[PDB]
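# Geometric and topological summary
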Amino acid sequence: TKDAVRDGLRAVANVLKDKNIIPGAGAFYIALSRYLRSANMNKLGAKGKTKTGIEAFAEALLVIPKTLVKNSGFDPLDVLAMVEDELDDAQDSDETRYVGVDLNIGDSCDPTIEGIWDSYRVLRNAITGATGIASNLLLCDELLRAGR
Amino acid sequence: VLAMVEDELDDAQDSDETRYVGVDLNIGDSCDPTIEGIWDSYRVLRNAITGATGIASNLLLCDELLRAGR
Amino acid sequence: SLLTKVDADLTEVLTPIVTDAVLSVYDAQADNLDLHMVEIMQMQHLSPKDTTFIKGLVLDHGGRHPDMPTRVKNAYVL
Amino acid sequence: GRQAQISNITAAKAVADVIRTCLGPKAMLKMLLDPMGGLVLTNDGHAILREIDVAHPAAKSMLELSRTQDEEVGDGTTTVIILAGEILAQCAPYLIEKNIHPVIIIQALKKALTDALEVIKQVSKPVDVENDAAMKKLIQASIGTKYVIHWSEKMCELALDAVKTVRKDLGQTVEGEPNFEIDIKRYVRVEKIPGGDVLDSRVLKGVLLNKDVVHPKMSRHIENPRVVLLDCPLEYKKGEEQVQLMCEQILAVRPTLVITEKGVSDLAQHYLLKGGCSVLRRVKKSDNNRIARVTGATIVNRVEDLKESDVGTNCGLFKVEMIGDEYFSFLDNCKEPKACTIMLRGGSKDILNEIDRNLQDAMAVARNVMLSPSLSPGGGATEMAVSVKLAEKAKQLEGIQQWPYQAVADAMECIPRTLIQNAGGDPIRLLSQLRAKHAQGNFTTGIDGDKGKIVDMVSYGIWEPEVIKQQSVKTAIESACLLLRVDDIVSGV
Amino acid sequence: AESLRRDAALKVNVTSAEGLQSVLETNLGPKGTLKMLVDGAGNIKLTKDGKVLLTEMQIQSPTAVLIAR
Amino acid sequence: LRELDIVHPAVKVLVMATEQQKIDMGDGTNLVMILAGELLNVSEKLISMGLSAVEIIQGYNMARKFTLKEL
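Rules used throughout
- Residues numbered from 1 in each chain as written, not as in the entry; some residues may be left out.
- Chains lettered and ligands numbered in written order.
- Part of a larger assembly, values for the part shown.
- Heavy atoms only, no water.
- Helix = DSSP H or I, 4+ residues; strand = E, 2+ residues; numbered from the N terminus.
- Rg over C-alpha atoms; globule rule 2.2 N^0.38 Å.
- Buried < 20%, exposed > 50% of the residue type's maximum accessible area, 1.4 Å probe, protein only.
- Areas by Shrake-Rupley, 256 points an atom, 1.4 Å probe, with all protein chains shown as cover.
- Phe/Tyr/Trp six-rings, centres within 6.5 Å; stacked < 30°, edge-to-face > 60°.
- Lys NZ or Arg CZ within 6 Å of the ring centre and 35° of its normal.
- Pairing = 2+ DSSP bridges.
- Contact = heavy atoms within 4.5 Å.
- Buried area = accessible area lost by both parts, 1.4 Å probe.
- Salt bridge = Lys/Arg side-chain N within 4 Å of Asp/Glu carboxyl O.
- Polar contact = N/O pair within 3.5 Å; in protein donor to acceptor, adjacent residues only side chain to side chain.
- Nonpolar A, V, L, I, M, F, W, Y, C, P; charged D, E, K, R; others polar.
- Patch = residues over 30% accessible without salt bridge, like charges linked within 9 Å, V, L, I, M, F, W, Y side chains within 5 Å.
- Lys, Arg positive; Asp, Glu negative; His and termini not counted.
- Charge placed at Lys NZ, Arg CZ, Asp CG, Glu CD.
- 1 Å grid on protein atoms, 1.4 Å probe; cavity = no way out; pocket = protein on both sides within 12 Å on 5 of 7 lines; lining within 4 Å.
- Points joined across faces, edges and corners; volume = space filled by probe spheres on them.
- Core = buried A, V, L, I, M, F, W, Y, C linked by side-chain atoms within 4.5 Å.
- Expected span 1.5 Å × (residues − 1).

Per the PDB record, the structure was determined using cryo-EM to 4.45 Å resolution.

From N to C terminus, chain B includes three helices and two strands. Reading chain B from its N terminus to its C terminus gives the helix and strand order α-β-β-α-α. Relative to the compact-globule value of 11 Å for 70 residues, chain B shows a C-alpha radius of gyration of 20 Å, a clear excess of over 25%. Principal axes of the C-alpha set define a box for chain B whose edges measure 65 × 25 × 25 Å.

For the rest of this paragraph, the subject is the overall build of chain C. If you tally the helices and strands in chain C, you get two helices and zero strands. The C-alpha atoms of chain C give a radius of gyration of 16 Å, which is well past the 12 Å a tight globule of 78 residues would have. Overall size of chain C, expressed as C-alpha extent along the three principal axes, is 45 × 35 × 20 Å. For chain C, buried positions account for 15% of its 78 residues. Of the roughly 7400 Å² of accessible surface on chain C, a fraction of 55% belongs to carbon and sulfur atoms.

Residue and element names in this part refer to chain D. Enumeration over the complete set of coordinates arrives at three aromatic pairs over all chains. Considering the side-chain rings of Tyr147 and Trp151, the 5.2 Å spacing of their centres and the 45° angle between planes classify their relative orientation as tilted. Arranged with centres 6.3 Å apart and planes meeting at 45°, the rings of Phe328 and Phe330 form a pair that is tilted. In this structure, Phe328 and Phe330 share a single accessibility class: buried. Here the basic side chain of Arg186 rests over the ring of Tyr187, its NZ or CZ set 5.7 Å away from the ring centre.

All names here are of chain D. Residues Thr341 and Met343 line one face of strand β10 (residues 341-344) and the alternating positions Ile342 and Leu344 line the opposite face, and both faces are buried. Note that strand β4 (residues 191-192) and β10 share two bridges and pair parallel. Pairing of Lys192 across the sheet is with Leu344, part of β10. As judged from the two bridges shared by strand β5 (residues 203-204) and β10, these two strands associate in the antiparallel manner. What sits directly across from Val203, in β10, is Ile342.

Taken together, the contacts link 17 residues of chain D with 14 residues of chain A. For the chain D and chain A pair, buried surface summed over both sides reaches about 1400 Å², with 61% attributable to carbon and sulfur atoms. Taken together, the connections running from chain D to chain A amount to zero salt bridges. Applying the counting rule to chain D against chain A returns three residue pairs in polar contact. For the side of chain D that touches chain A, the element with the highest residue contribution is strand β1 (residues 31-33) of chain D, accounting for three residues. Among the residues making up the side of chain D that touches chain A, the classes are represented as nine nonpolar, two polar and six charged. When strand β5 (residues 143-145) of chain A meets β1 of chain D, the two strands line up parallel, connected through three bridges. Paired with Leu144 of chain A across the strands is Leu32 of chain D, a residue of β1 of chain D.

This brings us to the pattern of salt bridges. Should their charged atoms come close, side chains of opposite charge can pair. Residues and elements named next belong to chain D. Tallied over the entire structure, the rule returns 26 salt bridges over all chains. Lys164 is the salt-bridge partner of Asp132, the closest N and O atoms lying 2.6 Å from each other. With a gap of 32 residues between them, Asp132 in the loop between β3 (125-126) and α7 (134-139) and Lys164 in helix α8 (residues 152-166) connect regions that are remote in the sequence. When its relative accessible area of 39% is taken as the criterion, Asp132 is described as partly exposed. Taking the shortest distance from any N to any O, the salt bridge between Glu304 and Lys237 comes out at 3.9 Å. The partly exposed category is assigned to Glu304, whose relative accessible area is 40%.

A contiguous nonpolar surface patch, about 540 Å² in accessible area, is contributed by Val1, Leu2, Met4, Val23 and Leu25 of chain B. Summarising the element assignment, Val23 of chain B is placed in strand β1 (residues 22-23).

This paragraph deals with the pairing of strand β11 (residues 374-377) of chain D. Residue and element names in this part refer to chain D. Alternating residues of β11 divide into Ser374 and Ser376 and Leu375 and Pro377, and every residue in both groups is buried. Pairing of β3 with β11, which is carried by two bridges, proceeds in the antiparallel orientation. From the neighbouring strand, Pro126 faces β11, where its bridge partner is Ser374. In the sheet, β11 pairs with strand β14 (residues 463-465) via three bridges, with the strands oriented antiparallel. Directly across from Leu375, in β14, lies its bridge partner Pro465.

To continue, consider the interface of chain E and chain D. At the interface, seven residues of chain E touch seven residues of chain D. Surface buried jointly by chain E and chain D totals about 650 Å² across both partners, of which 56% is contributed by carbon and sulfur atoms. On the chain E side of the interface with chain D, the three residues burying the most area are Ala1, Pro62 and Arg69 of chain E, jointly 48% of the side's total. At the junction of chain E and chain D, the tally comes to zero salt bridges. For the pair chain E and chain D, the interface holds zero residue pairs in polar contact. Looking at the side of chain E that touches chain D residue by residue, the class counts come to four nonpolar, one polar and two charged.

On to a positive patch on the surface, then. A cluster of basic side chains, namely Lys211, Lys262, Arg281, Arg282, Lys284 and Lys285 of chain D, defines a positive patch on the protein surface. One can find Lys211 of chain D in the loop between β6 (208-209) and α9 (242-250).

Residues and elements named next belong to chain D. The calculated volume of the largest cavity comes to roughly 210 Å³. In terms of lining residues, the largest cavity is bounded by 21 residues, among which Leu257, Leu280, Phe318, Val320 and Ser329 are the most central. Within the residue set of the lining of the largest cavity, elements represented by two or more residues are β6, β7 (257-259), β8 (278-280) and β9 (329-330). At three residues, the largest contribution of residues to the lining of the largest cavity is made by β8. Looking at the lining of the largest cavity, its residues break down into 17 nonpolar, two polar and two charged.

Glancing now at the nonpolar core. Residues and elements named next belong to chain D. Core analysis: the largest hydrophobic core is formed by 53 residues, its most contacted members being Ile81, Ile87, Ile105, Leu109, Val386 and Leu390. Those elements giving two or more residues to this core turn out to be α1 (2-18), α3 (57-72), α4 (77-90), α5 (92-95), α6 (102-123), α13 (381-393), α14 (402-412) and α18 (466-485). Of the residues forming this core, the biggest block, nine residues, is contributed by α6. Apart from the residues within four sequence positions on either side, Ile87 is in contact with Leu109, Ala411, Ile477 and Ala480. Among the nonpolar cores identified, the runner-up in size contains 30 residues, and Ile139, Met155, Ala159 and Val190 belong to it.

Here we come to α8 of chain D. All names here are of chain D. Along its 15 residues, α8 runs 22 Å from first to last C-alpha, staying within 8% of the 21 Å computed at 1.5 Å per residue. Along α8, the residues classified as buried are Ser152, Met155, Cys156, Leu158, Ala159, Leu160, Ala162, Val163, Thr165 and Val166. Contacts made by the buried residues of α8 are with α7, β5, β10 and α12 (349-371).

What follows deals with the arrangement of the chains. Counting contacts across all nine pairs of chains found in contact, the highest total belongs to chains A and D. There is a clear gap between chain B and chain C: no contact, and 38 Å between their nearest C-alpha atoms. Regarding chain B and chain D, which are not in contact, the minimum distance between any of their C-alpha atoms is 10 Å.

This is the structure:
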């Protein structure tokens, strides 16, 4: 209980400080992974060889919505195709509609109606933070054992 | 070689024409297979794609390896 | 944030407590917020379902006399 | 026997095995596993080598030679080890299988070192040492990829003012000519100043002291204070009126300022108060030599021996005005007293400590351009261009040294191949095309680190001073020959 | 005197990362699992916080050290 | 339980829950330990059947509220 209270106070602390809010339940990760995949294909302004490694970053952002449904026993491939079908109908219309994963029912959901929101400051340092940590692990070719 | 071929095929669609692209092993870049002269029979590749699809699919269909008869 | 760390049955109890905890101590202005000003008391006696929010401050050792009054409304602190 | 010669080459390769990918701006990060459970993720080449525990004694020799180069120059530490490490690899079959005498190989490296320095002088290009805009893209090599990248424009003005002040041409053939005669150690010594701003940082010429006034009521502004230096402080003399007599000996010239190395008792403060002179105690001994050079007061031990020749000329201001909640003292003036004191100001002490090491390394690279008025192409262009000239000069030798001489060209091509292995491209395809571009391209074709495609260095303008390229190949030969001089290793006291 | 290189690390680093990933994989989300960690103190503590999990367990693998930071 | 040496730390969870019955009400300590042990046996078939332990916990929370109203 003490861990839940201290985590709740620090989560609301960033709500009053930062005026920006992001929806949770995988709404930010699914939209970002789909946007980055179709952005570089249309623009083609990076490189031909670099887009190979960029695809690995886009596919690595879909593990969070697949993890939430994995603990509940739901098929991660079923819930992934249902969200993509809703995002395709949202791209045709010029309006703005957000889609998110509903863990209770198993289908998609509107994160604004359900009320699942995540802090902007937490998710802003989550992408940049996990980038530098995972990159440094790939830069070590050989393990160095010394000092004794 | 994978990036040079994919970038060449995309530029051929915008130019409104038909240009075949292939891998040049000697130079390392792409090549025109009609000029170089590399051609494969239709019956060879028809049974290759169909044959490799049915045999490889049957390998994933195996639930368990049973040992009997000895 | 609450539904993650509990079984979701305690969230409905702590929903009004956590929400009113920040808004009461923090007046609405530019200013800033301080989480250290919010006291945390731990008790192993009562069940977690009966927990409540404390707007003021609580102390450990009180005076023990049998004739002390149970409830005192509008008391002066000196 | 021959077993010790194999271990010498193996120990040199084991040390270079770690820094293989540590060469170049694209160098990756290494993980050092400590026996206590700690890890070091820093990618610095010379910072890891000091923590590496080695067994074979030749590996300890590479650490001592790299430590000497680390003090002179900030970079190029891993360049010498990789270059000297690949020489033993190419000369391994020549020393053993070909049965070549080791001194012949050592003598061949001495003749190859002389021809290598001549090629470096030919590929060098003239550069203007007095151009302030030209020194910006040079010093930037030690600037970029650091926190000082935003202040780089202001960092160049702080470095050029310190180098140009203490440099002396003195060109002549009589007593010998030091080129610009730069002294970094004593004169360019920097003292950090807490508080302030980095943009407003200026180069002061003089000696700075943080000690404030030792008397409650004293004049905070003096027109022309005269510095008086002494050793024995003002107090009652003891064996291993007297205090007033020591003050009258200083007042014989009626000075307006009194600076004492050690502390000052409260009795001497009242005697010098009526004389109209400030009292300043707590001065280090190392600064006393710099104070005499920025003032001219002769340092004297006994107060009774103080000479009248002391002068307070060339004193800009006495202003004690508070900076950073601490009273300071500024002896800076409008003239150059053959020295300077760099004043570094910032928004915290952690920023000042980072600028300190960065500014000293920035001026070290700046001096490298001042000492040698020439630049060499970087990014493996210099290493490949020399290897091309080595193949042409190998045909005119006509001797037994021709075989070990050709092995040097193979080691010269390992540095540009090192940048390619970290680039991710095909090393065999790029080295074959890169070697052909130096013949008809006037050694203008380098290697681009960010992109990875072979391009010319005239556009991006990547250049490094010659003294770094000279000391890199000079130490590598001395390091490779030293390992070949030891054919046997014994133990015991 | 050969130029052959090795991996020996990334395959072990990813394998060590996949082991730590599966520990915190089921601990993420409101539908996740709550795990008990007791090291030497005889004090039962159950929390899904990823930082508390790494501080209460001593991991010799160098891969989890950077993740702990 | 206070006089027995517990090895597995998972058993201490039931021991700590057993003391909750003795301190407050003081009666029914055997009803708490025996019933909690059977809830794991009936859940062993559900964990094996492929029903996730998450919905198993959610099922007990819905069944607990239905039982308290019938008491």
